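Look below for two forms of one protein chain, each set out as structure tokens: first structure 1, then structure 2.
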Structure 1
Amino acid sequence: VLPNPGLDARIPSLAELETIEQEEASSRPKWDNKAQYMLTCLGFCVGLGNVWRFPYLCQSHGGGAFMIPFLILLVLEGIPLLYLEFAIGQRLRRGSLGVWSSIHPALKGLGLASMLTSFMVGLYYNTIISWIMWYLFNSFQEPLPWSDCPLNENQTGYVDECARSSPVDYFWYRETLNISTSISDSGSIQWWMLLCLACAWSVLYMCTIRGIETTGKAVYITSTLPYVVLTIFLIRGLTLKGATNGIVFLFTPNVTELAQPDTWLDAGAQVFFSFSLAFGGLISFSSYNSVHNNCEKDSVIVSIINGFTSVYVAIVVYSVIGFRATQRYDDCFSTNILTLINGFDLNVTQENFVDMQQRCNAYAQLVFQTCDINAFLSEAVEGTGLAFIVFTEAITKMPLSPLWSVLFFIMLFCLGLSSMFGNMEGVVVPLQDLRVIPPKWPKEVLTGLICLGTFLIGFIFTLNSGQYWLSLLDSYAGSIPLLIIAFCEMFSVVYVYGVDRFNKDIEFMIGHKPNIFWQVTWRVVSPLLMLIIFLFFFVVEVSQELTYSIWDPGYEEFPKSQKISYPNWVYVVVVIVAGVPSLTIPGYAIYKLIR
């Protein structure tokens, strides 16, 4: 629609596309099955959303208050851009970097930014896989190592930190992290954390050695186990006492939060995470299909499973939250009961309490810790705590705790590993297009150079301050960069390449111009939605102050949270993690208009 002079003789002609399939058997890789491609897309979509981010924000926003805005934006901004990406990859027979180069020469920043974002998110997501496998390794003991507290040197009392907090909190912050008080205080490379990091990047190399060939045979177990195990955790989930109390809690959504731009922003950025959009590893994966494959039907199947697994994950999460909250509620009423009995020597139930204490009333000397199930259900764990603090504790109060531990951390590994496969494709392929290495070198080399270079960069997260880094990195890695990239893909396919051209080629491939649904979502609605969520980013950034949670035991309220402001140097780390990728799109565009 805008000036794009010389678009042919930069893009395969539709007349040539029939003649470019049978000849290109060599020099470009091929999916063994249709299923082996659909698994690799689902794996990259279900593993990059549900390995961590999705289950967190659901519990961090109360559930329905996040799920509602999510499923609205999954259909209006998700489905369109997932269809667009599958279609444009299958037509231009290039990965993400080739597609935006062919469409327009100065549109290189898009493909580059997609490679930077894919690199950045995969860097700290393999640390989370390292953390996951640490727990997995520590999950083969009748007493789970986080089930009890360590003793003093005298062994006359439990460790102070572990007493003020919980065995679970201690295993996370001390036994695993050995966390320091601030991002400033950065100690040595925690050795046991480095072994797990090595183990993570290594198994990644083992599965992405020759590329889609070797990964295609990995995604059978990796894309299927998370499911089989997620269903086992539903049957066990719903047998837990507090489940169907917490399930009911996600279905009764907070509306006050529905009026916050924060809830909509986090729901927005999660659509681009749950659909693996603007990472550009899906474009590359659709670029190995037949030119006449139904890429409209694949997008709808993948999206329907992605929307269904979100709800199926929120159910398995709120089962356990409910169970936990019931446990804490009962253990509180029991204590409130013990105090009265131990001060009056009484015969007291969860029912005859308010009358009981009333008639009983020394009463002043007694202290009763007020508590209701609602407050327990509302408790939000921050960070990675839903796996390492909420699930890991609930597992210890479930018989076959060790099984429940190994099943849960294998399904989180699988989910994280299948996410890494698509993140590896969004950095490896754009390098092969740039011809960074000499062509003679095999695939194993480039892959290995990338597997070792990042593994070295992953040492920042094995420090004592290592957890704060992964926190802020994520905060600015999957935010604006994805929003911007995702908006520019929608804009550059419809207003630069022409939606009308885009409608004719799809018609070549599937035999029909897409439904008016697609037309309205692609021309007007999705770009407008992506603009509203792009402002909401700056609306929530201004009012909030740059801060973060620290785990200082010496802190007066050590158990209570401690939100300190980041140092003034951190804005150097923020301006690069978010600005560098987001500015490569204008930056290269300007550079190409002056060359």
Structure 2
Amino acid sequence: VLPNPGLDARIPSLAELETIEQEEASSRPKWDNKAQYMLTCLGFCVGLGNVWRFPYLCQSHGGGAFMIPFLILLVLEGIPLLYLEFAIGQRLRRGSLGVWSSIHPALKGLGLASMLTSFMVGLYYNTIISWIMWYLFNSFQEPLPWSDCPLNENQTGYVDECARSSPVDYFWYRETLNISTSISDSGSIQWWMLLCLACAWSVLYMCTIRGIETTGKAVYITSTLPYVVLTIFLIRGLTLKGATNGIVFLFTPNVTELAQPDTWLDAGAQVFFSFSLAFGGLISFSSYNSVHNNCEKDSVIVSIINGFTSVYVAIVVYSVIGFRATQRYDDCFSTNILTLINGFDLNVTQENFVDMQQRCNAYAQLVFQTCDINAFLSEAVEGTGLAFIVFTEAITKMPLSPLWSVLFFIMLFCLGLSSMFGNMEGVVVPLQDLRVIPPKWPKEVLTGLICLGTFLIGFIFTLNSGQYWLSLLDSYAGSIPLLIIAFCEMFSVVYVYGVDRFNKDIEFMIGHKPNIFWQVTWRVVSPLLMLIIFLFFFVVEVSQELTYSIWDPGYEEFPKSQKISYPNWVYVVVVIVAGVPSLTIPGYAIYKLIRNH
């Protein structure tokens, strides 16, 4: 609809599209099998991002409260954009940076924002992988290293922190992070974290050495194993005590959470992380299919699987949350029963406690804790605590602690590695298509330079303050660009390339022209939701002081986390991470409209 001149002779014709298919036999990489393509999409849209952030968002906000908006926007906003990313990659036979420049030469900023975004999300994920594999390396010892504390000089007590806090808290914050007091306080690099980070980058380079002719072989173990281990954690989790108390907690939501602006803003951002939309990997992966592949069927299958896996993962995370909560409630009670049993020298079990405590009425001297179970269930976990302080502590209670621990980290490592394949796809290919390195050099040279590059950038997440540094990318900072790109990708394929031409091309490939559902979303519904969502982001999340949780042993109520405001200079870092890729789309356009004229 916008005045696009001479779009053809920049894009391939449908006639050439049917022929060039053979021309791309060696000119471009091609999926050996559809299986191999479907497994890749499965991992990129159902790996970390769908299985890591989701249960954290569900634990925060409300359990079932947050799940309703997510499944509304998953289809009203995610299915459309996923079907639009797959079809446009399959038609223009080029990666993200190629697909946007082709539609209009001033839209090349849209493929550099996607490359930067992909880079940053990989840098974030890689760290998570490094922590996962630190934990996976320590889980080959009968008594797992986070099931006890180091002894003190008296040997009668454990390290004060470990004593006041939890063994799992001490293994996370002290033995793994050696975490500092503040983001401002930044110590030297913790050599063992650096060593695990090296291992992470090394394994990823090995699996992505030679583009998709090495990752397609990898996704046979990397997109299956994670789903054959998460159904065992569902059986185990469901067979845990008090587990069904947590599942009900998840399905008994407070409707007043659904009527909060912040819940919706988190669900939308989350849709574009669940499906790796606006990372640009998917466009590239769909561009190696047959020109006559049914991408509508693929988008719907991926979305169903991606939607259904989100709920299956919150049912495994809540079985464990209610298991721990039940244990804590039983302890509180038991400890309360002990306070009075010893004090009044006396049969105080479950029902008797309430009736007998009334008879005992040293009651004043006796100090009694309040056991609620619902309070135990409604106790939020510090970021990344669900995996390193909630799931780890629950496994230490399982009969074969080492077996489970190992399996739990191998699942998180595999669905991380899977996710990283797409994240790396979306930074290698744009960098090939800029023709930045001399094209005589092999593909392996360019893939190692970015592995080392991102490896060197990842030293900041290896300091004492590194965890604080990593929790900045969990702010609106890492979400603002995704919304801008996703909206621009939809607007460009509908009001620039033309939805009429797009529909005709879809008809040429799959056979039929897309349904009214696809028409009503692409044209109005989908774009509007994105407009309303990111505007709400700017009015709510951005319009809020950025605060983080610090772990200070020397703090009143030490065991309780302390929330403090970031020092002003970290707005520079946020301003940059958000604008760098969000102002690229406008600011390369303006460059192309002042050089041409």
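All residue numbers here refer to structure 1's sequence, counted from 1. C-alpha atoms forming the largest set that superposes within 1.5 Å between two forms make up the rigid core.
Of the residues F502, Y476, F119, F233, exactly one exceeds or equals a 2 Å C-alpha shift between structures 1 and 2 once the rigid core is aligned, and that residue is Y476.
Once both forms are fitted on their rigid core, the CA atom of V354 lies 2 Å or more apart between structures 1 and 2.
With the core held fixed, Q544 shows a CA shift of 2 Å or greater between structures 1 and 2. Core-aligned Cα shift between structures 1 and 2 at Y571: this is 1.0 Å. For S286, the CA shift between structures 1 and 2 after superposing the rigid core equals 0.2 Å. Fit the two forms on the rigid core and the C-alpha of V51 turns out 4.5 Å off between structures 1 and 2.
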